[PDB]
Amino acid sequence: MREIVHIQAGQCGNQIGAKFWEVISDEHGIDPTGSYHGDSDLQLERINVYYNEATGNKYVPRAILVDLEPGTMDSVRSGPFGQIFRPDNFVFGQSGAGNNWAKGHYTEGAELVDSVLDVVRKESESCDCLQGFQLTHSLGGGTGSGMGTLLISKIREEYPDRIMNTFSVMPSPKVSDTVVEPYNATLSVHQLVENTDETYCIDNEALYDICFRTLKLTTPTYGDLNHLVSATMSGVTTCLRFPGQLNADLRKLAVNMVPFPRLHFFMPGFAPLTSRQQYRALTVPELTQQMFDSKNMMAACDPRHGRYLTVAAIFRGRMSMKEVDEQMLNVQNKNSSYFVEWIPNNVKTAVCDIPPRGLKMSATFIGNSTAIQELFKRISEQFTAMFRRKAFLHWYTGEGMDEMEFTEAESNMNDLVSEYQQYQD
Amino acid sequence: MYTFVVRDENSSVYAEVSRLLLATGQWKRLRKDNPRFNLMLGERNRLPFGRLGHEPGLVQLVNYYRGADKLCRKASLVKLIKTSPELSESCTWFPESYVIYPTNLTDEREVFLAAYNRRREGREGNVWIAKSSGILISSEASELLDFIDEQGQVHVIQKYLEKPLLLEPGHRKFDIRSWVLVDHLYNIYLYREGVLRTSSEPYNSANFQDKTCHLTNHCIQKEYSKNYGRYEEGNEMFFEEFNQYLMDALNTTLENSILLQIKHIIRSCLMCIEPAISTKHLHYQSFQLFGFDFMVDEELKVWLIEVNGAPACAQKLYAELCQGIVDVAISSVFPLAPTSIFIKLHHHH
Amino acid sequence: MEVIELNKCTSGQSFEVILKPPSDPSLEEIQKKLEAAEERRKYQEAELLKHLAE
Amino acid sequence: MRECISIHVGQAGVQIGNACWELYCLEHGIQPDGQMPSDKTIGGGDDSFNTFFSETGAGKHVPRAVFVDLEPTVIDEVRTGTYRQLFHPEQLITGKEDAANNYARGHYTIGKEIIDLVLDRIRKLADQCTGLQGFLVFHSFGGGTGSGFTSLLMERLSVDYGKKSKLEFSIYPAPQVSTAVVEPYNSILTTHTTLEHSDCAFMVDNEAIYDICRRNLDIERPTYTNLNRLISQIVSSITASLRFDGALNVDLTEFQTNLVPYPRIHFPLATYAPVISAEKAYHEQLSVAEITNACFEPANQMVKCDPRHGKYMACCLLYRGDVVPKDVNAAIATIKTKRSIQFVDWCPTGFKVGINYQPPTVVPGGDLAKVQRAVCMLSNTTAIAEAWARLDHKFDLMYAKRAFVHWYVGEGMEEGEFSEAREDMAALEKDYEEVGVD
Ligand SMILES: Nc1nc2c(ncn2[C@@H]2O[C@H](COP(=O)(O)OP(=O)(O)OP(=O)(O)O)[C@@H](O)[C@H]2O)c(=O)[nH]1
Ligand SMILES: Nc1ncnc2c1ncn2[C@@H]1O[C@H](COP(=O)(O)OP(=O)(O)CP(=O)(O)O)[C@@H](O)[C@H]1O
Ligand SMILES: Nc1nc2c(ncn2[C@@H]2O[C@H](COP(=O)(O)OP(=O)(O)O)[C@@H](O)[C@H]2O)c(=O)[nH]1
Ligand SMILES: [Ca+2]
Ligand SMILES: [Ca+2]
Ligand SMILES: [Ca+2]
Ligand SMILES: [Mg+2]
Ligand SMILES: [Mg+2]
Ligand SMILES: [Mg+2]
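Residue numbers (this note's numbering), protein chains in the order written: chain A, 873 to 1297; chain B, 0 to 348; chain C, 8 to 61; chain D, -15 to 422.
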């Protein structure tokens, strides 16, 4: 009984979190009404990690939905699995955050944060042994970015010895809502560097490129992008949701993936990614090749530009575990120049017999690569292009912020980049 | 794509092997500290054998046999020959040798003096040579023992071949270098090409003070000898010329008069230590190139001088031998996508 | 090659063959180390909370 | 009679312990419910098997064992498994959250809060002993509990049981069945703080067991169940002398006297043969000479290394099955004329031999096949130092960059303990080299 408390904040955070609970609910045999109808005991072996058990053998996700406007969460409540969430776990305001990190972190968000923590506390008080928390959010908006990192700071204050984990969607000008997204992402990255133990970097550009070039989607939508994020979230959490010995909990995963506390930003990867030749069987060599291919990663960073500090790989489905080891060792031995040599045996492989829905087998990739600095470099460059002219700052100074706070967040993200560069050589 | 690391930058032999391996386009060189290698071109001293063969999914091979030093050390070789029943103390192809520790430090001082006094009393030739891993040739035991005490390392005193076979014209001494390769299956391959490192000075049995005509080392002949390169280029005669000499002068062949004994000696040495160094049932595999040095007396009897565990090659023979090392030692374990240049010395494992 | 000290019983036997002859911290200190480590954890957490208070 | 208490720490210790006690019961004729029909003394007795089993008035034979894990999932298998009736709840101790593969977390943060409870449960077992010999401690090197909590327990056991011997069965980390990158850190940290408290330690490298299972048992991808069944056979062969009538290694003190002439060098190499697959059509039964000669093949050593290039300090041959002394000495003599066996000059060149007529017991449905005779050789070779070399090298690679050190300092450990532990290992490697090399 190692419970995880889930939190989803803002438009992006709630839309992706909704699909996540939809995908894993199907994998665990939970229907939209929280009733279990699976056929395998592996489905319920670790069901309490993400689900609470109510009267009548009902399973209720341990999820808290937060937003500063009602719209998106109204859609979730009307969505497919909307009825499965605890009604009291909907916490929302009416003002909105106007894609403004300051509104979510300092003004509008501050007015609502205490009520969110009341629900978090309630969910924690019922946990036999709470592992930690996982937050889904974007960094380019106001609520998920600004109030999301505010929640993290206060959750850390009240639960300082629990693990804080995030799925963070990074903005990209190719899939942009407002020009201030680099401002909001730089302010958030500052928070994440200090207050999270593990952060999966999901770049909206990578998701777009995959939908367009690989999946052959002419006009990708936010829905299409969220399918990739759903599948990736389900893959990286397999080790927590099913019986296993590798990275089986949040703290052990951090111990194996984070050699230095600030360098906890991961590149996730998923295979297969097939366009609609979708029925063809996928061999273990193919799964391994694609899973390590840059085109199958979702941070928009070329791994061959840096080195892997650590790697976690999860193979799902009924397959030759002997052939999995061989192919994993083949990838390391055929490209050992992209793995740091001062961390012996830094590639760990886990297997799970239950494959995702509609797939004979798949592989999920988790990399702590120094190439992630390219993602923070893009943000920093977009940040500086506007900040050198102080463009659009009035949205933030109007909420009480000072320019110095922008300079500090910028410097810290540039330090992070430099820190990655030193371990790449 | 096979991977190898280089840990001995001063090895001319494996520098060429590494150069050849890369030329195949099927081998990639890794940093000397990267553990994910198929082949280690290891260092000469303190090679970390204990870290080999613990890499899941890599068949690991190294170019040195752990424990071969027993054969390639002046004092170790003497102890191995006297104590191994296969070689026995009565071995007929190794000069009467003794291990002598300096008095400032078992030791065969008295055993040597006993044999020495017997020769002195029997009017026999009593010239010995002292050396260590700085050489002194003398007929008085007092000078031999006093010379070793002035040093601080173990030495060996063995009989000096007072009747060496002298080439003509020149009346000059020489020694024969034979290159031997033992692969992971412990096959013993003798390179078809040897070299005679000859002295360009007439042999003089009445003066062991000038060591230029008695020591056939290439560095000594090229540094202290004044007839270097007079008879053969670089004081190096090869088997073709040397064989023709044996026919013209001695009406015999190199194979019958000398090579049979050389092959017998090579076999006896390596087979003796096979149980101690074989990697047959080991988690990693070994091969090694050996340099055997021989002496030929005027009776066409062959004597073993020493065994070198990290030999160099004759400039004219680097290309052929280094390629041969890749064919039978490296590609035999890691195949790529004749008329062998070796002579397999068959034996019972 | 000599056999010595042969001992035989219903369930087995044992012997010896010779081929050749030859030629703490107190309870008090453990508690201090455990408390010393616990104090450093408390100090580190208090610094984190002080940081979050600012 | 003198009792032995077995302590199993962490997942590796607990799961290996479950496999050994399963085997002990089959060897002594004890049923899963604890009943022993052959035992004609109901509720008591000082027979050789009583060193490991106590007896209740109702005739139940209860292992003298304590299971400890900082997380309940593994020990919950024991509570509801086949032998759930062997142990009473006081013997199975579990926490709520584990040490996260962090030595400092098991030794300091979590260990400090549960150490006194474990000692209390051990004290209960000790109070049933009229003459306690000591303890056998099973644990891994790489786990946070197996490494961190074990060293804390060994320190306290030396305080609370000063005159008692303590032996270890330690699992050496192997990447092929490991998912923790910091296991070299934990292994070296636990060896440093445990070295002075262990009189004799049998190291088992998972790499060796993994390859024996693939090569000899034809298991393409061995599981922990495969590995543990084989390890329990080796463990059984080592402890058989304490549980059966005999005259060799009859008490824990004799293990040190026979295998450890120098206190710090207390890691004997174990070699076992034959290991035959139960799925084989049918095997040509191996002789005394063939199983004995197999003891000098690296392929059946619990730790892969080359004894030809070290020196022996002691050697015990533990035979089980149809073996008479005459055939042992004939095999030894033939192995001396073919094998490189170099002893240290200050030790005699000899072998202590123990024979048990009962052949190895095989778990029904297991992987191993029934054989007419088996042998486990315990040799104290300096060649096992190769395992310290491998381990210290990996340690050095990560510590040079301080990789993962913050996880340990964050649990209250001082960084200097890293260098203190590493310097102790450097001295250990130097001790081996002084004894084995000329
Ligand atoms: N031979 C064998 N090795 C095991 C077994 N279980 C775990 N290991 C090894 O032990 C090491 C991991 O340590 P664990 O014993 O699982 O960790 P722990 O003692 O439970 O401590 P925690 O970190 O708190 O979980 C790895 O090297 C595993 O390969 C087992 O059942 N048999
Ligand atoms: N017992 C002996 N009788 C006659 N000559 C001897 C001898 N021992 C050595 N020599 C002479 O000394 C020369 C080299 O001696 P040795 O080989 O022992 O030194 P070394 O090992 O430093 C040279 P290398 O390793 O290249 O063979 C030989 O060419 C030989 O002519
Ligand atoms: N992948 C994905 N990204 C989104 C989605 N909705 C918004 N975003 C991204 O999130 C950023 C806008 O933040 P948003 O969540 O809408 O603001 P918030 O409601 O204040 O947190 C922009 O970078 C968008 O590209 C979505 O459904 N999926
Ligand atoms: Ca307001
Ligand atoms: Ca009884
Ligand atoms: Ca003690
Ligand atoms: Mg929006
Ligand atoms: Mg030499
Ligand atoms: Mg555990």
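For each residue, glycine too, the CB sits at the ideal point set by N, CA and C.
*With DSSP collapsed to three states, give me the class of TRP26/B.*
strand
*asked:* 8 Å is my cut-off, CB to CB: does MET0/B come that close to chain A?
replied: yes
*Starting from the N-terminal side, write out each stretch of the beta strand (DSSP E) that is 3 residues or longer and does not extend beyond the region -1 to 73 of chain D.*
37 to 39, 45 to 47 and 49 to 53
*Taking 7 Å as the cut-off, is the CB of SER987/A close to at least one heavy atom of ligand 4?*
no
*What are the boundary residues of the beta strand (DSSP E) that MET361/D is part of?*
357 to 365
*Tell me whether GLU55/D counts as near ligand 9, meaning its Cβ is closer than 7 Å to at least one heavy atom of that ligand.*
yes
*asked:* According to DSSP, is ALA67/B part of a helix, a strand, or is it coil?
replied: coil
*chain B beta carbons: is any one of them nearer than 8 Å to that of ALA283/D?*
yes
*What does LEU1002/A pair with, by DSSP beta-bridge criteria?*
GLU875/A
*asked:* So, for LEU56/C: in the same chain, excluding its five sequence neighbours on each side, which residues have a beta-carbon less than 7 Å away from its beta-carbon?
replied: none
*Does any C-beta atom of chain C lie closer than 8 Å to the C-beta of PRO1032/A?*
yes
_Presumed contact (8 Å Cβ cut-off) between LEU1064/A and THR1021/A, rounded CB distance_ = 7 Å
_Does the CB of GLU1195/A have a neighbour CB from chain B at under 8 Å?_
no
*asked:* Quick check on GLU46/C - is its C-beta less than 8 Å from some C-beta in chain A?
replied: no
*Using 8 Å as the Cβ pair cut-off and three pairs as the minimum, do the region 148 to 160 of chain D and the region 13 to 29 of chain D touch?*
no
*Got a sec: is the Cβ-Cβ distance from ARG28/B to anything in chain A below 8 Å?*
no
*asked:* With a threshold of 8 Å, are at least 3 pairs of Cβ atoms found where one atom belongs to the region 1142 to 1158 of chain A and the other to the region 1112 to 1120 of chain A?
replied: no
*Could you tell me the boundaries of the alpha helix (DSSP H) in which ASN242/D lies?*
236 to 243
_Quick check: is the beta carbon of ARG1028/A nearer than 8 Å to any beta carbon in chain C?_
yes
_Any non-hydrogen atom of ligand 2 closer than 7 Å to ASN206/B Cβ_ = no
_Can you find the residues in the same chain that come closer than 7 Å, C-beta to C-beta, to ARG6/B, ignoring five residues on each side of it along the sequence?_
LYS31, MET39, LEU40, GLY41 and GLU42
*Could you give the residue range of the beta strand (DSSP E) that holds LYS336/D?*
333 to 340
*Within the 8 Å Cβ cut-off, does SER1025/A reach chain C?*
yes
*Whether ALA1243/A touches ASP1174/A by CB criterion (8 Å)*: yes
*Rounded to a whole number of angstroms, what is the C-alpha to C-alpha distance between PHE1237/A and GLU1213/A?*
20 Å
*From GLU46/C to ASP82/D, what does the alpha carbon distance come to, in whole angstroms?*
21 Å
*Starting from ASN1067/A and walking both ways along the alpha helix (DSSP H), at which residues does that stretch end?*
1053 to 1067
*For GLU319/B, which three-state DSSP category applies?*
helix
_So if I measure from each beta-carbon to every heavy atom of ligand 4 and keep distances below 7 Å, which residues remain?_
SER967/A, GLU980/A and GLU983/A
_Under 9 Å by beta carbon: chain F residues contacting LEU55/C_ = Within the model displayed, chain F is absent; protein chains A, B, C and D are what it includes.
*asked:* Between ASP174/B and ligand 2, is there a pair consisting of the residue's CB and a ligand heavy atom that are separated by less than 7 Å?
replied: yes
*Given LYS130/B, which residues of its chain have a CB within under 7 Å of its CB, disregarding the five upstream and five downstream residues?*
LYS73, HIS154 and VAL155
*Answer yes or no: the CB of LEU201/D versus the heavy atoms of ligand 1, is any distance below 7 Å?*
no
*Under the DSSP definition of a beta bridge, which residues are partnered with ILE77/D?*
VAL52/D
*Residues near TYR64/B by beta carbon distance below 6 Å, same chain, minus five either side*: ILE276, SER285 and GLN287
*asked:* Looking at ligand 3, does it come within less than 7 Å of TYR1151/A, judged from the CB to the closest heavy atom?
replied: no
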